[PDB]
Amino acid sequence: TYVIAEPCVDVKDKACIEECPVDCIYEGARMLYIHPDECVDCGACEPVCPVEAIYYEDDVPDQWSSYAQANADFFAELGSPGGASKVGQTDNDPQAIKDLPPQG
Ligand code: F3S
Ligand code: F3S
């Protein structure tokens, strides 16, 4: 899977959502989140992010290493809807991301 990390927080450019063939990038209040059970490693999202927030799981930097679990935790109550388009923005951000001070 690919992973959205800290640079997305309170930026949310949303260039990435255009590119994903399976529509598995979902919007929270603070950032977007890649569904790890829906992502099939197409990689089309990663080049388009203007703040380089997106990484393949194995390439997520140590300083943001907790963001992979955060992406999974976003879907605790959503399950696997099988497409972000119908869900829209939801207030499902995990505690760890909710607690970050305002950025940008
Ligand atoms: S800021 Fe976020 S919303 Fe997508 S284009 Fe970059 S990951
Ligand atoms: S384009 Fe979609 S399939 Fe995964 S690698 Fe990016 S979220």
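Residues numbered from 1 in each chain as written, not as in the entry; some residues may be left out. Chains lettered and ligands numbered in written order. Heavy atoms only, no water.

Going by the header, the method for this PDB entry is X-ray crystallography, and the resolution given is 1.60 Å.

**Structural notes on the UniProt feature "binding site: [4Fe-4S] cluster" in the protein chain**
To keep it simple, the criterion reads: UniProt positions are given in the numbering used here, feature names are shortened, and annotations may be inferred rather than shown by experiment. Labels follow the DSSP assignment, with helices taken as runs of H or I lasting at least four residues and strands as runs of E lasting at least two, numbered in each case from the N terminus. Exposure is judged per residue with a 1.4 Å probe applied to protein chains only, and the accessible area is read against the type maximum: over 50% gives exposed, under 20% gives buried, and values in between give partly exposed.
The positions that UniProt labels "binding site: [4Fe-4S] cluster" are, in the present scheme, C20, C39, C42 and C45. In summary, the annotated positions, though distributed over 26 residues, converge in three dimensions, the widest C-alpha pair being only 10.8 Å. Mapping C42 onto the fold places it in the loop between β3 (32-34) and β4 (54-56). Of the residues examined, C42 reaches a relative accessible area of 47% and is grouped as partly exposed.

**Side note on the site of ligand 1**
Quick note on the threshold: Here a residue is considered near a molecule or strand provided that any single heavy atom belonging to it is located within 4 Å of it. Under the scheme applied, nonpolar residues are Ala, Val, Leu, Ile, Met, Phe, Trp, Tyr, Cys and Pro; charged residues are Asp, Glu, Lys and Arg; polar residues are all the others, including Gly.
Not every one of the 13 residues close to ligand 1 is listed here, only the nearest: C8, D13, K14, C16 and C49. Of the residues contributing to the shell around ligand 1, the split by class is 10 nonpolar, no polar and three charged.

**Looking at the pattern of salt bridges**
The condition is simple: Salt bridges are defined by distance alone: a side-chain nitrogen of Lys or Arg within 4 Å of a carboxyl oxygen of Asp or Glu.
This structure, assessed with the given rule, holds three salt bridges. A salt bridge links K14 to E27, with the shortest nitrogen-to-oxygen separation between them at 2.9 Å. Here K14, found in the loop between β1 (2-4) and α1 (15-19), pairs with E27, found in strand β2 (residues 25-27); they are 13 residues apart in sequence, far enough to count as distant. Taken together, the shared-partner salt bridges connect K12, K14 and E27 into one network.

**Brief notes about the nonpolar core**
To keep things clear, this is the line we draw: Nonpolar core, defined: a set of buried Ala, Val, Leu, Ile, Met, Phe, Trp, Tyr and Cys residues in which side-chain atoms within 4.5 Å join the residues together. Two residues form a contact once any of their heavy atoms are found within 4.5 Å.
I4, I25, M31, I34, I54 and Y67 are the most contacted members of the largest nonpolar core, which has 30 residues in total. Those elements that provide at least two residues to this core are β1, β2, β3, β4 and α2 (67-73). When sequence neighbours within four positions are dropped, the list of residues in contact with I4 reads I25, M31, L32, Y33, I34, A53, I54, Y67 and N71.

**Re the packing of aromatic side chains**
In this description, an aromatic ring pair is defined by two values, namely the gap between the centres and the angle between the planes. The following threshold applies: Only centres within 6.5 Å qualify two rings of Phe, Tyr or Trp (six-membered ring in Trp) as a pair; their planes then separate them into stacked at under 30 degrees, edge-to-face at over 60, and tilted for everything else.
In this structure the tally under the stated criterion is five aromatic pairs. Consider the rings of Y33 and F74, whose centres lie 4.1 Å apart with planes at 10°: the pair is stacked. In this pair, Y33 is assigned in strand β3 and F74 in the loop between α2 and α3 (84-87), connecting sequence segments 41 residues apart. By relative accessible area, which is 0% here, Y33 ends up buried. Judged by relative accessible area, which is 1%, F74 ranks as buried. Aromatic side chains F74 and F75 sit 5.1 Å apart centroid to centroid with 80° between the ring planes, which places their arrangement in the edge-to-face category. Here the aromatic residues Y26, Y33, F74 and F75 are joined through ring pairs into a cluster of three or more.

**Considering the site of ligand 2**
With respect to spatial proximity, 14 residues lie near ligand 2, and among them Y2, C20, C39, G43 and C45 are the closest. Tallied by class, residues from the shell around ligand 2 come to 12 nonpolar, one polar and one charged.

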